[PDB]
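Breakdown of the fold
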Amino acid sequence: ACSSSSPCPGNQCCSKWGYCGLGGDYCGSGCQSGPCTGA
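What counts, and where the lines are drawn
- Residues numbered from 1 in each chain as written, not as in the entry; some residues may be left out.
- Heavy atoms only, no water.
- Helix = DSSP H or I, 4+ residues; strand = E, 2+ residues; numbered from the N terminus.
- Buried < 20%, exposed > 50% of the residue type's maximum accessible area, 1.4 Å probe, protein only.
- Areas by Shrake-Rupley, 256 points an atom, 1.4 Å probe, with all protein chains shown as cover.
- Core = buried A, V, L, I, M, F, W, Y, C linked by side-chain atoms within 4.5 Å.
- Contact = heavy atoms within 4.5 Å.
- Disulfide = S-S within 2.5 Å.

Per the PDB record, the structure was determined using solution NMR.

**Points about the overall build of the protein chain**
Of the regular secondary structure elements, the protein chain holds zero helices and zero strands. In the protein chain, which comprises 39 residues, the share counted as buried stands at 31%. Total accessible area computed for the protein chain in this model is approximately 2600 Å², and 47% of it derives from carbon and sulfur atoms.

**Re the nonpolar core**
Core analysis: the biggest nonpolar cluster contains eight residues, these being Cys2, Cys8, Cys13, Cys14, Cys20, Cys27, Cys31 and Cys36. With residues near it in sequence (within four places) discarded, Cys8 still touches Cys20 and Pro35.

**Focus on the state of the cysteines**
The tally for this structure, following the rule as stated, stands at four disulfides. Residue pairing for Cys2: its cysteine sulfur links by disulfide to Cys14, the two sulfurs lying 2.0 Å apart. The chirality of the disulfide connecting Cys2 with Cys14 is right-handed, given an S-S dihedral of about 80°. Each of the two residues, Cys2 as well as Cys14, counts as buried. When the bonded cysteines of the protein chain are counted from the start of the sequence, the pairing works out to 1-4, 2-5, 3-6, 7-8.

The structure is reproduced here in structure tokens:
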């Protein structure tokens, strides 16, 4: 689970629904954290 302050310092990407994880299903240009939104 991701937060507005993002609980991931560079391990998993955040989701708009507030979910941190790896792959093209957690971010997809809809992340809230910093180490996300690549492709």
